[PDB]
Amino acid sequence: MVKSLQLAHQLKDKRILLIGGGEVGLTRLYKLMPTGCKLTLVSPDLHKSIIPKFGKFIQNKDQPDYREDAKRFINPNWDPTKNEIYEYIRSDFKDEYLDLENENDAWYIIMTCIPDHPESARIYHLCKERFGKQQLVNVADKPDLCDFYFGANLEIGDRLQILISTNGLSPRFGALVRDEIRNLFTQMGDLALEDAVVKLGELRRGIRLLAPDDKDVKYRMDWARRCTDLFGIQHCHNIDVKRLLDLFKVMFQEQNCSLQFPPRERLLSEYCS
């Protein structure tokens, strides 16, 4: 059978259209907000958490509003770091909300999560007709109207994100795999990536200095890779860079670019800080 293509989208400053602000809408918001996307939310009513969490500028419906278009709210002080809705339109979707006043701009992603299925299908088809089949669309819980699927997620300390997708299995299985992965890193505790980052840096540099440069130098790549694979994510933060540089020097020169490190158990006892 066919696999999905799993991708990590860079949404900072991208215009995103979310139609439906209820329970499913809110879960869409939890995933979209930390991305820096510039989102327009269209919904006649909102789940109770949305205003306080992501759009404190939206006014309650019973406050008098004398603007010519009282349904539209623009966050007056928006930026990608806010984690805030950019634009809220209090209304059922209407075709003219697809218009971006400015026609260089475009919606990177258009999503729906409303209780009307025939209206969702109509929106999907209108969006593909207006913006082409290249326009990404997702109609919540309607696989035939989705270009992509959200799945089970987990974060491994602020810089690592994992997505778990199923190819024709219940989402249930994705959540079980997620908890399993989360248990694994929970048991592992601190990975101290800050320090792992540094040391892989000075490892790289150090080896470049000893390098003997263009041409085996892929050996530098394959050497740093095999070495760090043998330490793994658990121990890269604890490598003694100087001892490994002395081991590289010997494997690079005087061994003819050997790529045959010592057994893992030894590498961990002789070359960790």
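Residue numbers run from 1 along the displayed sequence.
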(request) Please work out which of 205-213 and 38-46 has the higher mean CA B-factor as recorded in the PDB entry. (result) 205-213
(request) Using only the Cα atoms and their B-factors as the entry lists them, report which of 119-127 and 156-164 averages higher. (result) 156-164
(message) Just the C-alpha B-factor column, please: which of 24, 19, 16, 250 has the biggest number?
(response) 250
(message) Just the C-alpha B-factor column, please: which of 91, 138, 135, 187 has the biggest number?
(response) 187
(request) Relative to the other modelled residues of the same chain, rank the CA B-factor of residue 225 and answer lowest, middle or highest third. (result) highest
(request) Could you tell me which third, lowest, middle or highest, the C-alpha B-factor of residue 67 occupies within its chain? (result) lowest
(request) Among all modelled residues of this chain, ranked by Cα B factor, put residue 112 in the bottom, middle or top third, i.e. lowest, middle or highest. (result) lowest
(request) Give the position of residue 146 by CA B-factor within its chain, expressed as the lowest, middle or highest third. (result) lowest
(request) Sort the modelled residues of this chain by their C-alpha B factor and say whether residue 95 lands in the lowest, middle or highest third. (result) lowest
